[PDB]
Amino acid sequence: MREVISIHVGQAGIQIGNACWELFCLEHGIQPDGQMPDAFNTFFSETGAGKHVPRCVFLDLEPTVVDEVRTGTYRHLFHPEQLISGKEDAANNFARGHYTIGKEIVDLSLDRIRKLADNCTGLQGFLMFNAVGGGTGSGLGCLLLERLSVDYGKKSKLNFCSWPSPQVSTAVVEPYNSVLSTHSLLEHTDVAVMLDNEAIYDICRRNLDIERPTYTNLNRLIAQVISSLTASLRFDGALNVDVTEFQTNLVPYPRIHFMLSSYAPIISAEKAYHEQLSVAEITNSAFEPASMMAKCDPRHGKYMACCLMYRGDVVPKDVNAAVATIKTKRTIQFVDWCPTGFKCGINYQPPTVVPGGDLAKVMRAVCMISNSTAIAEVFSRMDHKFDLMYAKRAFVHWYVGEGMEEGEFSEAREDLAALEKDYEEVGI
Amino acid sequence: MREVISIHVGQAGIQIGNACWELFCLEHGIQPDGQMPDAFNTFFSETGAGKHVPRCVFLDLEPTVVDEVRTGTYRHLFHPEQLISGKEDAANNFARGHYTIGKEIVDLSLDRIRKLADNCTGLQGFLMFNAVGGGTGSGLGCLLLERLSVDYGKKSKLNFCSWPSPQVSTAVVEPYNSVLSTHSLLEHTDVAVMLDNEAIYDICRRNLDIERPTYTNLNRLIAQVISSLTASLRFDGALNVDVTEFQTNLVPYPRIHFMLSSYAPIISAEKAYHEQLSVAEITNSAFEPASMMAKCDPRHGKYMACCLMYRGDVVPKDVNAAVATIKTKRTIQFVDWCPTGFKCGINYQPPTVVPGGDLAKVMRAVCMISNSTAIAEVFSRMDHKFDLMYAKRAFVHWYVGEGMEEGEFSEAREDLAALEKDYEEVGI
Amino acid sequence: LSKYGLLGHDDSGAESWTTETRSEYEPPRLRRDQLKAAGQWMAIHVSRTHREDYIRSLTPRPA
Amino acid sequence: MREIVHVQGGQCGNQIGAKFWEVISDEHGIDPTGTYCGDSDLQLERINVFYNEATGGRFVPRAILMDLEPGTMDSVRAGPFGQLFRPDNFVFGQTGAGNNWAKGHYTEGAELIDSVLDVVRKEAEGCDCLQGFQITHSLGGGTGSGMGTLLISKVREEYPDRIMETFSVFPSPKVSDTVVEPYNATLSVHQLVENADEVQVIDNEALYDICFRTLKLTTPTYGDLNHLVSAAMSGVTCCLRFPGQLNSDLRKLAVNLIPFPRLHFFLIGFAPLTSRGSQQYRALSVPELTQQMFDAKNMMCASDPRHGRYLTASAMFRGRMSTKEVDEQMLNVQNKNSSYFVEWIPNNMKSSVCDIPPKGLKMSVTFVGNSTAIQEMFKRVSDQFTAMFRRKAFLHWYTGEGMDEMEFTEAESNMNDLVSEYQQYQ
Amino acid sequence: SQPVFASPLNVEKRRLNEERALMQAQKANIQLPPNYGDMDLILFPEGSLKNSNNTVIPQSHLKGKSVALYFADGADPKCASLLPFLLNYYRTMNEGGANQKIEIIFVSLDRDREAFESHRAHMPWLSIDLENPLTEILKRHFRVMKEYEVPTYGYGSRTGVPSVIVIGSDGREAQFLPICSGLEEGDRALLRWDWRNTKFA
Ligand SMILES: Nc1nc2c(ncn2[C@@H]2O[C@H](COP(=O)(O)OP(=O)(O)OP(=O)(O)O)[C@@H](O)[C@H]2O)c(=O)[nH]1
Ligand SMILES: Nc1nc2c(ncn2[C@@H]2O[C@H](COP(=O)(O)OP(=O)(O)OP(=O)(O)O)[C@@H](O)[C@H]2O)c(=O)[nH]1
Ligand SMILES: Nc1nc2c(ncn2[C@@H]2O[C@H](COP(=O)(O)OP(=O)(O)O)[C@@H](O)[C@H]2O)c(=O)[nH]1
Ligand SMILES: [Mg+2]
Ligand SMILES: [Mg+2]
C-alpha cells in the first residue's frame, strides 16, 4: 500500500539520488547487488529470491553521468531500463530539453513511469529530484511534469529542486533557466522544496567542520533530509504522518506551495561528546537562522506553517515543551492569522549513518519543512537579475532559434512577478 | 491418436522448421539421434526401440538448404525422404513454381503427406509455414493448398507465413508473389496468421536488446510462439484450448481469417533477474501495440477476438484480473458486436528455454493470437505497391513465359480489393 | 627530472586515476573496513543525581 | 557516441596537430603503433569520441590532414606517432601554396575540394551521430589561411545543426615571418566571423613570451611551443571523454559564452605552467591556480586584458579537487577585479570539474574567455591592412587569380564592423 | 562430447571413463560405452591454478561460483581494448555481494614467459601458466584460434582472440559471450554473463 517513486532528471538528480539510494539500501539491509542477506515495499519492489528493485528512474540526456552509475558499484541494483541515456547534452539550455530533440527520451520515460506504476497497490509520492538552472533540469523537468499532470490527475507531486544561489551561479544563463522553469512549476508540481548550495557549504563549514566537502558531501546531507521526510512510511512510530497529507498540511493557497528544508543535529564525531543532544535543544538548533539550507533569513520572513519529523527514541511530551518555548520565543516571527502552525510526527528508529561518514551517529533527529514569506526575497533577487539579463536581450536569440517564440519571456516574467506580488499581500 | 502434421515450403519455411523441431525435441526429452533417456505423440512417432521421427514434410525446390540439413546435426532425427528437394530453384517466380517446376515434386509431396496422415487416425490439422514473398514458398505452397483442399477438405489448415514489412522487403518482384498467393489462402487456408521478419527485428533489438541478431534468432522466437500455441495439445493444464478450438472463437466469417500474433514476455538475459513475472504485466506487454509480430498498428483498428495461451505455473484468478483491466483501458477498443472476445488456455508446464540461446528461463508466458480489422492497412500498402508496379508491365514477361496467362494478374488484384472491402465493411 | 615530460610537474600516472563517485560510493561494508584500520569511530541527568526529582523518578524506569 | 572530427590545415596546423595527437594518445595510454597500454577503464571507456576501431583493436584518430605542399606532411610520417593516422586520411597537394589566399581558396584549392569532402563525409556519416569538429590552422600563410577557411565555407551548410571549434594561429605585431601578413589575416577572418561557431585565438609572439618568463627557457623550438598549446587543446574538451561532478561540452561552452552572434573570438590559456626551478616548490592548490589563470601576463594571446574587460570567463578545472573552492574563490575574484568584468552580467564565469587530472599532474585548469581586449589586436591588423592597401602593394599576385578591389573592401568593412561592437560593449 | 567432439580433453575423457567401466565389467547389466551423463572429469589438476601471488588454489574453491575461461593474448590490441572492461565487471560482481560471485581463469596466447608475466601482473583473478600443457589442450577444446596453424578436425573457428566463455562442471560450455563472434558485440557482451543457470557444481 505504501509506495513512493522517484524521478531523477538532470545531473544533479542523478548525483543526489546516488546518495539517496545508497542511504536507502544500507538502511533496509540491502547489498549493492540488491538481495537481502515488509517496510521495503515503499521504496523497493520484491522480485525473485528477495532481490529488491528500486521504484525509480535515472534520466539524463547526456552520458558520462548516467553511465557512471551504469558502471559503478550500483549497476546491478537498478533495473537497466529506467537508466536512460541520449547522446547530446542539454547544454545548460532550457529550450534544448523542451523544444528540440528530447522527445525520444520523454516518450519512453512516460512508458517506464507507467510500467513502474503498474506495480503498486496505492500511489502516494512523485519525488522529483532536479536542478533548476541546469539545461535538462529545467527543460525536461518542465516537460515531464506537464505530461504527468495530464496523465495522473490528483496525486501528490513532490519536488526537491536546486535553486541557484544569490552569490554564485556557475553559469550566466541561470536567470534564463530559473524564470522559465518556475513559470511552469507553479501550475504543475504540488510541493516544491528549495535547496541552495552555499547555504549548505556554509552548513558544512561551521557544523561538520571538515576542510574539504564537495558535491558528494552535499548529496549525503540531502539524502538524510529525504530519508527522515519519508521515514514515517517505512517504520511504525508514535505519531505516524503521511506524505499525502503534507499536501494538505503546508500549503494555504493553490499558488503558494514553496517550502524550506533544515536538518539537525549535524555534529561530527569529535564534538558529539561534550554535549548530550536533547530534544529541546535540537529544536532550537534547527530553528536557528544559520541551520536552514537556503540562506534566507527567517528574521525578515514571516512563518506560516511548519512541520517537524522526528527520528529516534523521542517521547512526545518533551516535544510539547520544545514547541512551546519556540512558540513563545520572539526572534522567530509568526504571523497574526495563524496561531496553530505546527505538525510534529514521531518515528521510532534512530537515524542511520553511512559507514565512516562525516555525520555522527545520533539517537534523535529533526527535519523541518516550513512555509514562509521569505521565499519572496529569494525570488525577488533572481527577479532583478532577469531584467539585467534582458536589458539588451542577451542570450535570447539562440533560444529563439531553439524553438521558443520571442515574447514568451514576457509572460514567464509576468508569472514570476505575480509570484512576487502575491506573497506581499499574503503577509499583511 | 492425437497428432498434427507440419509442412514447410521454401527455405524460409525450412529455417523456421529446423527451429521449431529444435525446440520440440528438447522439450520432449528426445535427442538428435531420436532416443530419450506419452505427451510426445503429437510431434513424434514411435518406432520400436524408442526412436522418434517428426511428423513433418520439408519442401524446397533447391537443394541449397535441404541437403545441408542432411549434412548438419539433425541427419537421423528426420526420415530420409521426409526431406524432399528438387534441383531447380523457382527463383521469385510464382508462375514457375505453379506450372512447370512445381508439379515434378507435387506428386512426391502428396505421397509423403498421405503416408504420414494414414499412420494414425485422429489427426487434427496441418501447420504450414512458408514465405509468401518468395518463389517456391508462394508457388509450391499454392499447389499444396489446392491439392489438400480436395483430399482433406474437412481438416484444419493453420498457416504461418512471413509477410513483408512496409519499410524493408528485401525484394523487387514480391508485389507479384504476394498478391498471387493472396488468391490461394483465402478460399483454401482455414486460419492464416501473419508474421513479419522486420517486426521480429523490432522486438529483438529493444526488448531482448541485442544490437545485431539475425535470421537464426527470429527462428527461436517463432519456435517459442508455435510452442505456446501447441502447448495445450501436448501438456495438461487448467483449461485445454487446442487447434480445433482456435478457429471456433477467433474467426466469425469465412473470408475473414487473417490475424496477427504476439508473444510476451520476450526477456533478455539481464532482464530476467529484476522484472517480476506478474501475470498482469505479461498480458499488458502482449497487448502493447508495438510488441506484436507484423508491423500492424492496432490503435486505428478494432479487435474481433483474442486467445491467450498461458504457459507455466499460472493461476486463473490473476488471469481474470488481467483480462479485466485490458477491457477497462480506453487505449484499445473491441468491435461493437462482440463484447466478450477473450480466451484463457492455461498449461501447467513452464516454457522450455534453450541454454546458450538468447532468452532466459521464465516461469510464465502468454501467447496472443488475435483477430483484428487492422489487416486493412497491411494489405492496402500492399495494394499500392502493386498499383505502381503493374501499371508499366514490369516483371510481367517473366511470368507469362512460364505458362501463367495475363488476366490472372488482374483478378488477383480485385481479389485483394474485395478482401479490403470486406475488412472495411465489417468494422462498422 | 620526470618520467612524463614537461607538462608533468611530478609523477602520478593513470594508476592514481579514479573518480569521486567510484572512490567514495564503493560498497559500504568495504568502506567500513579500511576506515576501521584508520579510526572508524534544562539538562537532565541519571536517577543517581539529586537534581529535580529522584524518589519516584527512580522507580518505574531505574537508571 | 559523440564524435569529434579533427582537421590539420596548413603547415602550422599539421605540426600543432601532430603534438596534440601525441598528448591525447599517451593521456589515454596508447603505444604509437596502435596498441592500448595502461590498464584503466577510465581512459578507455570513452575512446570512440576521438578515435575509431580497426577490427584488430587498433585505434586510428578521426583526423584528416590537408595541405597543398608535400613538405611538412612528409615530416609527420617521419616523426613520432606518424603510423597512428590513417593513410587515406592524408590528402596531397603537389604544387605548394605560395603564401597567397587566392590560390588557397579560389583557384588551386578548387581541385582539392572533391577529395576533401569525400574523406570528411566518409568519417562523419560512419558514426551514428556527430557532435562537432575541431580544426587547427594558421592565418599567416596561404595553405592554412585560404585553404583552411575554404573548409568552413563548405562544412557548415552541409552539416547545419552542428558546431566546430577553430583554433586560429594569429600573426604578430613585432616579429614578422610570411611578409604578406595583413592580406591573409583579413581574408580569413571576415569569413570566420560569419560562418564559424567559436574561434580560439593562439598567438605565437605571446607564447614565446610565456616561454620566456613562466617557462623561461632560452632555446624555444616549435615542439614545446605546440606542447603548450596542446595542453589547452586537451583541456577545453576533456569532459567529452571524461566524467565529472559538473560537466561541460563544446555545445554547452558556446551557449553560455556567446551573447550575440558576431562575437565569438576567445582567449585561451593553461595553468599551471610552472618553471623548471619551481617544480618541487609548489604545493599546488586552487588559490594559486586562480590567480595564475586570472593573470594577464599568462595569456596565450598577445592582448593585455588590463585594457580590455572580460565579457564572460570560463574555467575547466581538472583533477581531484574541492568544488566550493572553485565557487567562492571566483566570488573573491569578482569582488577584487570589479572593474575587470562587465557590470551587466553577474557571475560571469564557468565552473566545470573535469574529474580527470592532466597527464602526470595532480590538478590543473584550462581558461577560455570571451574578452573585449582583443579589439586592440583586431585594430592593428586593420591599420596593417590600410597601410599596405593605400599603396596597392602586393596585390598583383592576388588579382591574377580572380580577386577584386571590391571584395577586399568588404573584408575591411567586415573587419571594422567586427571591432565595432567591442568598444561599445565596454 | 560437449561442446566439441574431437579435443584432447575429450579423448582423455573416453579413455578414462569406460576404462573404469570395464573395471566394473569383470568386477561384477552394465552397458559399454557409458552415456554422456555418466562420464565425469576433473578439469584442472592439483598443480594448475595459480592466483596473483603464485600460490596453488585447489578445485574446491570453485564450488558455487560462475567460472569462465579467458582466452587472450597480451599483444592483441582487441585484448587491450577488452581487459579494463572485464576488470570492471570482475570488481562489480565481487565487491557487490557478500560472497564474490564470478571467477575468471586465464589461458594465454603469448610468445614466451616474459610476455606472460607482463600480462599477468595486471590481472587479479586466477590464471594458468603457459608451460602447463593444460593450456594448449584447452585451445583445441573450445576452438579459439588466432591464425590457422594447427590442424583443425573438420571444424571452423568459433571465436577470435580474445574470447571469454563460461563453462560447466564437465568441460561443457554454458552460454557464449560474443565479443568477436557472429554477433561481434565488442566490449558490451560481458553484460550477457548470467549466474543463475551457470554454476560450477
Ligand atoms: N545540490 C546539488 N546541486 C547540483 C549537483 N549537481 C549539479 N548541481 C547544480 O546544477 C547546476 C547545473 O545543472 P547540472 O545538474 O550540473 O546539469 P544538468 O542538470 O545535467 O543540465 P545541463 O546543464 O544541460 O547539463 C549547477 O549550478 C549546480 O549548482 C549536485 O550534485 N548537488
Ligand atoms: N521467418 C523467416 N523468413 C525468412 C527467412 N529467410 C528469408 N525469409 C523471407 O523470405 C522472403 C523471400 O523468400 P525466400 O526465403 O527468399 O525464398 P523462397 O520463398 O523459398 O523463394 P526462392 O527465392 O525462389 O527460393 C524474404 O523476403 C524474407 O523475408 C528466415 O530465415 N526466417
Ligand atoms: N605554433 C607554431 N607556429 C608555426 C609553426 N611553423 C610556423 N609557424 C608560424 O606560422 C607562420 C607561417 O605560416 P604557415 O602555416 O607556415 O604558412 P602556410 O604553410 O602557407 O600555411 C609563421 O609566422 C610562424 O610564426 C609551428 O610549428 N608551430
Ligand atoms: Mg546535463
Ligand atoms: Mg515457386
# chains A, B, ... in the order shown; residues from 1 in each chain; ligands from 1

$ residues_near_ligand --ligand "ligand 1" --cutoff "8 Å" --atoms "only C-alpha atoms and all ligand atoms" --output "PyMOL selection string"
(chain A and resi 9-16+60-62+89-94+97+130-138+162-165+169-171+174+195-197+215-216+218-219+222) or (chain D and resi 245-248+252)

$ interface_residues --of "chain C" --to "chain E" --cutoff "9 Å" --atoms "only C-alpha atoms" --output "CSV table (one decimal) with N, CA, C and O atoms, in the first residue's frame"
chain,number,residue,atom,x,y,z
C,26,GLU,N,31.7,3.4,-3.2
C,26,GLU,CA,32.0,2.0,-3.3
C,26,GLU,C,31.3,1.2,-2.2
C,26,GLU,O,30.6,1.9,-1.4
C,27,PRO,N,31.2,-0.1,-2.3
C,27,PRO,CA,30.3,-0.9,-1.3
C,27,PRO,C,30.5,-0.5,0.1
C,27,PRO,O,31.7,-0.3,0.6
C,30,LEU,N,32.6,-2.6,2.7
C,30,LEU,CA,34.1,-2.4,2.3
C,30,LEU,C,34.5,-1.0,2.9
C,30,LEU,O,35.6,-0.9,3.4

$ residues_around --residues "segment 369-372 of chain A" --least-positions-apart "6" --cutoff "8 Å" --atoms "only C-alpha atoms" --output "ChimeraX atom specification"
/A:193,250-251,257-262,298,301-308

$ interface_residues --of "chain C" --to "chain A" --cutoff "8 Å" --atoms "only C-alpha atoms" --output "VMD selection string"
chain C and resid 20 to 22 25 to 29 31 to 32 35 40 to 41

$ select_by_dssp --residues "segment 26-189 of chain E" --states "strand (DSSP E)" --output "PyMOL selection string"
chain E and resi 66-72+102-108+163-167+173-176

$ interface_residues --of "chain C" --to "chain D" --cutoff "7 Å" --atoms "only C-alpha atoms" --output "NGL selection string"
:C and (4 or 8-13 or 17 or 19)

$ write_last_selection --atoms "N, CA, C and O atoms" --output "PDB file, in the first residue's frame"
ATOM      1  N   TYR C   4      57.435  11.740 -17.275  1.00  0.00           N
ATOM      2  CA  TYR C   4      56.252  12.055 -18.064  1.00  0.00           C
ATOM      3  C   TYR C   4      56.406  13.294 -18.940  1.00  0.00           C
ATOM      4  O   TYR C   4      55.574  13.502 -19.831  1.00  0.00           O
ATOM      5  N   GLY C   8      54.269  17.446 -16.986  1.00  0.00           N
ATOM      6  CA  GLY C   8      54.234  16.787 -15.700  1.00  0.00           C
ATOM      7  C   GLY C   8      55.142  17.464 -14.699  1.00  0.00           C
ATOM      8  O   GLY C   8      56.369  17.351 -14.783  1.00  0.00           O
ATOM      9  N   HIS C   9      54.546  18.180 -13.745  1.00  0.00           N
ATOM     10  CA  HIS C   9      55.334  18.800 -12.689  1.00  0.00           C
ATOM     11  C   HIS C   9      55.849  17.757 -11.713  1.00  0.00           C
ATOM     12  O   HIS C   9      56.896  17.956 -11.086  1.00  0.00           O
ATOM     13  N   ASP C  10      55.132  16.647 -11.592  1.00  0.00           N
ATOM     14  CA  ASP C  10      55.568  15.478 -10.845  1.00  0.00           C
ATOM     15  C   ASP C  10      54.866  14.264 -11.447  1.00  0.00           C
ATOM     16  O   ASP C  10      54.202  14.365 -12.481  1.00  0.00           O
ATOM     17  N   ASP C  11      55.030  13.112 -10.811  1.00  0.00           N
ATOM     18  CA  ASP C  11      54.614  11.844 -11.399  1.00  0.00           C
ATOM     19  C   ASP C  11      53.447  11.261 -10.613  1.00  0.00           C
ATOM     20  O   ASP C  11      53.599  10.907  -9.439  1.00  0.00           O
ATOM     21  N   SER C  12      52.292  11.164 -11.260  1.00  0.00           N
ATOM     22  CA  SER C  12      51.144  10.466 -10.691  1.00  0.00           C
ATOM     23  C   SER C  12      50.661   9.325 -11.570  1.00  0.00           C
ATOM     24  O   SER C  12      50.370   8.242 -11.057  1.00  0.00           O
ATOM     25  N   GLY C  13      50.569   9.538 -12.880  1.00  0.00           N
ATOM     26  CA  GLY C  13      50.158   8.492 -13.793  1.00  0.00           C
ATOM     27  C   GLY C  13      48.662   8.256 -13.789  1.00  0.00           C
ATOM     28  O   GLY C  13      47.890   8.887 -13.066  1.00  0.00           O
ATOM     29  N   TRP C  17      44.240   7.299 -11.150  1.00  0.00           N
ATOM     30  CA  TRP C  17      43.048   7.916 -11.726  1.00  0.00           C
ATOM     31  C   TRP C  17      41.815   7.084 -11.394  1.00  0.00           C
ATOM     32  O   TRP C  17      41.598   6.027 -11.994  1.00  0.00           O
ATOM     33  N   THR C  19      37.503   8.334 -10.070  1.00  0.00           N
ATOM     34  CA  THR C  19      36.599   9.457  -9.892  1.00  0.00           C
ATOM     35  C   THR C  19      36.139   9.525  -8.445  1.00  0.00           C
ATOM     36  O   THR C  19      36.374   8.613  -7.649  1.00  0.00           O
TER      37      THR C  19
END

$ interface_residues --of "chain D" --to "chain E" --cutoff "8 Å" --atoms "only C-alpha atoms" --output "list in words"
residues 34, 35, 36, 37, 39, 40, 41, 44, 45, 55, 56, 57 and 58 of chain D

$ write_last_selection --atoms "C-alpha atoms" --output "mmCIF file, in the first residue's frame"
data_model
loop_
_atom_site.group_PDB
_atom_site.id
_atom_site.type_symbol
_atom_site.label_atom_id
_atom_site.label_comp_id
_atom_site.auth_asym_id
_atom_site.auth_seq_id
_atom_site.Cartn_x
_atom_site.Cartn_y
_atom_site.Cartn_z
ATOM 1 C CA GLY D 34 48.074 1.462 -32.137
ATOM 2 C CA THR D 35 48.018 -0.965 -29.200
ATOM 3 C CA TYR D 36 46.474 0.262 -25.940
ATOM 4 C CA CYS D 37 48.642 0.032 -22.809
ATOM 5 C CA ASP D 39 45.128 -0.839 -17.878
ATOM 6 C CA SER D 40 42.317 1.500 -16.868
ATOM 7 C CA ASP D 41 38.585 1.606 -17.548
ATOM 8 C CA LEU D 44 39.407 3.521 -22.403
ATOM 9 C CA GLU D 45 35.617 3.517 -21.883
ATOM 10 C CA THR D 55 38.822 -4.664 -36.366
ATOM 11 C CA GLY D 56 42.065 -5.606 -34.611
ATOM 12 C CA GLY D 57 41.548 -3.472 -31.558
ATOM 13 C CA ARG D 58 43.717 -0.799 -33.157
#

$ residues_around --residues "segment 126-142 of chain E" --least-positions-apart "3" --cutoff "9 Å" --atoms "only C-alpha atoms" --output "ChimeraX atom specification"
/E:3-10,44,48-52,57,71,103-110,112-113,116,120,123,145,150,152,158-159,165,171-173

$ interface_residues --of "chain E" --to "chain B" --cutoff "8 Å" --atoms "only C-alpha atoms" --output "PyMOL selection string"
chain E and resi 174-176+183+185+191-194

$ interface_residues --of "chain D" --to "chain A" --cutoff "6 Å" --atoms "only C-alpha atoms" --output "JSON, numbers by chain"
{"D": [243, 252, 259, 322, 323, 348, 350, 351]}

$ write_last_selection --atoms "C-alpha atoms" --output "short mmCIF file (atom, residue, chain, number, x, y, z; two decimals), in the first residue's frame"
data_model
loop_
_atom_site.label_atom_id
_atom_site.label_comp_id
_atom_site.auth_asym_id
_atom_site.auth_seq_id
_atom_site.Cartn_x
_atom_site.Cartn_y
_atom_site.Cartn_z
CA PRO D 243 33.23 12.12 -16.30
CA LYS D 252 27.29 23.98 -23.79
CA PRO D 259 25.67 36.51 -26.17
CA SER D 322 37.14 20.65 -3.96
CA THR D 323 34.13 22.22 -5.60
CA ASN D 348 30.47 35.95 -15.34
CA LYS D 350 32.01 28.85 -15.85
CA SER D 351 32.82 26.28 -13.23
#
